[PDB]
Amino acid sequence: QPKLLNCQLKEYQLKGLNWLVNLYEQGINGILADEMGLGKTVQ
C-alpha cells in the first residue's frame, strides 16, 4: 500500500495486509503461511 515498497500488491495481498494492520491496531499477533509460492515474504 505505501510506495516505500518497490512493488504493488494484489487484492488478497492488500486485504491480508489490512487484516494484519487491524491486528496491530488491536495488539494481536497471528498466523499466515498458506500454500507455498504465494508471496508471504512480500506481504
task = Could you grab me the full set of residues in region 22-43 that are surrounded by 11 or more Cβ atoms within 10 Å (Cβ to Cβ) and among the hydrophobic types (A, V, I, L, M, F, W, C)?
result = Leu23, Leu38, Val42
message = For the chain, give me the residue count where each residue is among the basic types (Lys, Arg) and more than 12 Å from the chain's Cα centre (by Cα).
response = 1
key: Subset of region 1-21 (residues that are of a type in the set (D, E, K, R) and either within 14 Å of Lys40 (Cβ to Cβ) or surrounded by 10 or more Cβ atoms within 10 Å (Cβ to Cβ) (or both))   = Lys10, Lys15
task = Check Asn22 against each of (1) in a helix (DSSP H, G or I); (2) touching a residue at least 24 places away in the same chain (Cβ under 8 Å) and name the one condition it does not meet.
result = (2)
request  = Take region 8-18 and flag every residue that is within 15 Å of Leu38 (Cα to Cα) and not basic (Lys, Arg).
outcome  = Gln8, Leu9, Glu11, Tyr12, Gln13, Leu14, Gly16, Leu17
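Cβ coordinates were reconstructed from backbone atoms using ideal geometry, including for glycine residues, and neighbour counts include every protein chain displayed. Here, each number is a calculation from the coordinates, and none is a lab measurement.
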